[PDB]
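Presented below, as structure tokens, is a lone chain in the form deposited in one PDB entry.
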């Protein structure tokens, strides 16, 4: 007896205990999304099974390094071989599985690398001749209540991978039951010849003793097996049987081509930049060899120390949300060791097929037209350092350094160099999302060149027709409605999968055309920004090595990296361009992306001049977020130009017609939907609204360290005064907002920062600010009669409120409301003895 002591404890165990025990303290991956998307026909990004994740756990620790020809016996739907398709050093993948009634048939998928992946069904790998291969995977092994049975099957598959192994071969072989001495004897033999060791995957459920014979591992067999046997036993009795959740594998998209992938850098530009990082180390520096990067250019690494609080005031006043998981889990921070590297390899380590010649012309003329149209009633310019320092409204405190005078001599050095045509301190530092931090000095230069776009309001709706820059949420809704009035098809709000990684080099050269309309000292500077630091970036990213974390530095030309405040401009620009070119395609201006006939290149030019402005007004565009009401619904199939520019829509098959909204109130825009609210006096309001959990959860989270109690309480007061001015139409949030203000000293000025208009920051009475923004100043309201009690401002309907997230009618919330006064005093008592107003209605 051994781990068989485990198996009878398990076989002798009820149905529900079994399911409880199965997923206890194990690691799981959220498959709800992929499983729903694969039914809807989405044939890329998604993994086809839990298997991809499982295998990724081995690969990212180098326990298997798949490479070359990859045979995959018992490939099932394809989880392992698809995953292997996108891996760097892999050149071919063949998957063989039985298939047939009772077994899994493979799933076809446009997953990254799929072109190198041949899955065959109707194949008994026990009956087929071996083939040359450089890495061999196998995942066969039927479990059974009976341990002797499984050793049988386990030994069968062990006797099979041996025919396929050579001695240099890489492998990952499931050992269904490694605790029987039948298997413990053969595995020792096998380990003597071919090496490796058994390794347990934490994503395996507790109901199977699977261990994987993986090539690049080492260790003693019997002990490794017994370690797992007691770990699985311990877990029968485990208190706290919740399961930890990983996000699933993002398996990419599109085909793989040895020639086309891989950056050829122009080290005559990124150069003076890298060897500077080198010198700042040169000791710990080393050119790693197993670097993961496959679409970026590697250069070297160096040591680096590996690298959100709850707001008690808000939290104490939102007690019914202490058990909603979509609220309390936003405060948790998911610091897996490979978690950053995973987002990089799946989402940023991607390439985009260069557009066709005809796409490129369409873009170049539309951009050429647009930049001119944007600059009719506007003129570029540099932006002062004093102008820059002025944003002392949010060394080691960009403020403190904004005057260390030294600073401006350092910014002064490289700035001449940009004028000569080089940089040295213009590197990005990377940190589901990525943010490309940059040196506080470098962000000056780019502000001094391109600051004018975000500072003279070039994408203001009034100046660029499609923009919504500088429009509060109390206007975007009326603006969408204004578009719905336009006569045409349905409203389309397609999102792009990972927009910034989809910026092409052509995209960047097109946007650089704003330097046409510049000239002088200025132009040369805004030429360096574009050419030197936008089209030719160098980046630092951390990465975990078996020698401890290192900071690789890599470089890539493609994609959008820049100041999150400057990229907004260009993203709107190019998206405006892209949505125009799509509108064309639907209307029929041009008919092929490969060539633009001279007589079509004219139609494009005409249309642009004859209706271009009108087409722009059919669009609400904020960066990659867009809303389009075109002439007819032929827009919903005009996908050739969209796809070829790289702006691949998110969450449907590449050539699936887009779905249009026939009710603007459901059109998602700027992370909100907008309801149409009618007062008791019958004036109509268009109000912003979103899942109320993302609102509560946001408000209960604090930025940074050192928040005192007076700050923590003024941050909550910001969130509350914002709720009552924007989300006043939701019961919970207006109650919670009133509670917060009754519990924070009424004389304290809210100061902090909510999101990214901010009328809720005044210390005025909120009802006054309400009347200003919603009545005496929105244009969509001609009757300027003031409302003089909160009992005049309306709510959504009950059913809408609880649909958009409310808790009204749940007993816990009802209890929260009867006692809100007890809660306000808990917090007031905590704050101390100050002057409090009482906003709660009776």
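In this text, rigid core is short for the largest set of C-alphas that superpose within 1.5 Å between two forms. Numbering follows the first chain given and starts at 1.
Enquirer: What number of residues from the deposited sequence go unmodelled in the gap from residue 307 to residue 308, classed as none, 1 to 3, 4 to 9, or 10 or more?
Expert: Going from residue 307 to residue 308, the model skips 4 to 9 residues of the deposited sequence.
Enquirer: From residue 431 to residue 432, how many deposited residues does the entry skip: none, 1 to 3, 4 to 9, or 10 or more?
Expert: 10 or more residues lack coordinates between residue 431 and residue 432.
Enquirer: Highest mean C-alpha temperature factor of the two stretches 408 to 416 and 652 to 660, which is it?
Expert: Mean CA B-factor is higher for 408 to 416.
Enquirer: Mean Cα B factor from the PDB record: higher for 363 to 371, or higher for 381 to 389?
Expert: Mean CA B-factor is higher for 381 to 389.
Enquirer: Would you mind checking which of 209, 103, 717, 351 has the top Cα temperature factor in the PDB entry?
Expert: Reading the PDB entry, the winner on C-alpha B-factor is 103.
Enquirer: Checking the record values for 601, 676, 644, 632, which has the greatest CA B factor?
Expert: Within the set 601, 676, 644, 632, 601 shows the top C-alpha B-factor.
Enquirer: Lowest, middle or highest third: which one holds residue 586 when the chain's residues are ordered by CA B-factor from the entry?
Expert: It belongs to the middle third of the chain when residues are ordered by C-alpha B-factor.
Enquirer: Looking at the C-alpha B-factor of residue 826, is it in the lowest, middle or highest third of its chain?
Expert: Lowest third, going by the recorded CA B-factors of the chain.
Enquirer: Where does the C-alpha B-factor of residue 50 rank in its chain, lowest, middle or highest third?
Expert: Its C-alpha B-factor belongs to the lowest third of this chain's values.
Enquirer: C-alpha B factor of residue 43, ranked within the chain: lowest, middle or highest third?
Expert: Lowest third.
Enquirer: Which third of the chain holds residue 739 when residues are ordered by C-alpha B factor: lowest, middle or highest?
Expert: Ranked within chain, residue 739 CA B lands in the lowest tercile.
Here the subject shifts to the form deposited in another entry, a form of this protein not shown in this document.
Enquirer: Have a look at 389, 666, 266, 159 and give me the residue whose C-alpha moves 2 Å or more between the shown form and the other one, with the fit done on the rigid core.
Expert: It is 159.
Enquirer: If we fit on the core, is the Cα of residue 614 displaced 2 Å or more between the shown form and the other one?
Expert: Moves: no, less than 2 Å.
Enquirer: When the rigid core is used for the superposition, does residue 68 move between the shown form and the other one (threshold: C-alpha shift of 2 Å or more)?
Expert: Residue 68: C-alpha displaced by 2 Å or more between the shown form and the other one.
Enquirer: Residue 224: with the rigid core matched between the shown form and the other one, does its Cα shift 2 Å or more?
Expert: Residue 224: C-alpha displaced by 2 Å or more between the shown form and the other one.
Enquirer: In the other entry, the Cα separation between residue 500 and residue 334 changes by 3 Å or more relative to the shown form; did it shrink or grow?
Expert: Nearer in the other entry, by 3 Å or more.
Enquirer: Do residue 337 and residue 301 have their C-alpha atoms closer or farther apart in the other entry than here, with the shift being 3 angstroms or more?
Expert: Compared with the form shown here, the C-alpha atoms of residue 337 and residue 301 sit closer together in the other entry, by 3 Å or more.
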